[PDB]
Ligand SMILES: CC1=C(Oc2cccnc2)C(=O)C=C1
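This document starts with one chain, in the form solved without this ligand, laid out as structure tokens.
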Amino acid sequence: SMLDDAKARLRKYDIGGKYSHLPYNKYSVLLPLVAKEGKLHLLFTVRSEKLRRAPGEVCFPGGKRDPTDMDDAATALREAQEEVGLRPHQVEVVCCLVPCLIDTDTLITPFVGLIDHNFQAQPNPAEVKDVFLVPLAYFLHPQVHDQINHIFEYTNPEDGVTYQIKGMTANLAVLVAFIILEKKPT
């Protein structure tokens, strides 16, 4: 099946807990996969304009590890619940992808999660201005604008709204698309 095939692909790239004890400032992100209309999608947030870090930017759900978290995956799930109302029974964490090093002292660990079909986002407006889906296949043939660095523009055909996706967030989206969609029969 589509979902069994995605999980099987993802497991081959799982690094597990290999980098998780290193003494960094630690953040986790959740890369949330949603199946709709017979295709996989990623769920993104737009960050509230009130936030100190990166107001108004497109981001995956996530945030800084705190003492309550049993592990890095727990960080991602806690923050996702705060931001968009995703409950733990509504997500299956499938793997941990390559972590992202930034600023010399920070390590961001990305986890891919399969999202239940009955989840409906409840954006928390103190943290998130918007929540939206992009089909995974978009990231194989994105609409690129050079700003010099590459920016993706995605227009939602439901409403005509255009979102800009860039940086670590864009890079991770492409990685997930390659992992799941490469070399597939039609």
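The numbering used is simple: start at 1 and walk along the sequence shown.
This protein has a second form, the form deposited with this ligand bound, left out of what is shown; the following refers to that one.
J.: Check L136 for me: does it contact this ligand in the bound PDB entry (non-hydrogen atoms, 4.5 angstroms)?
T.: No, no contact at 4.5 Å.
J.: Can you tell me whether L43 touches this ligand? I mean in the bound PDB entry, with a 4.5 angstroms heavy atom cut-off.
T.: It does: once this ligand is placed as it appears in the bound PDB entry, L43 has a heavy atom within 4.5 Å of it.
J.: Going by a heavy atom distance of 4.5 Å, is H145 a contact of this ligand in the bound PDB entry?
T.: No - in the bound PDB entry, heavy atoms of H145 and this ligand never come within 4.5 Å of each other.
J.: Would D71 count as a contact of this ligand in the bound PDB entry, using a 4.5 angstroms cut-off between non-hydrogen atoms?
T.: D71: no, not in contact with this ligand in the bound PDB entry.
J.: For the stretch 97-122, which residues lie within 4.5 Å of this ligand in the bound PDB entry by non-hydrogen atom distance?
T.: The stretch 97-122, when checked against this ligand in the bound PDB entry, contributes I115, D116, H117, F119, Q120, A121 at the 4.5 Å heavy-atom cut-off.
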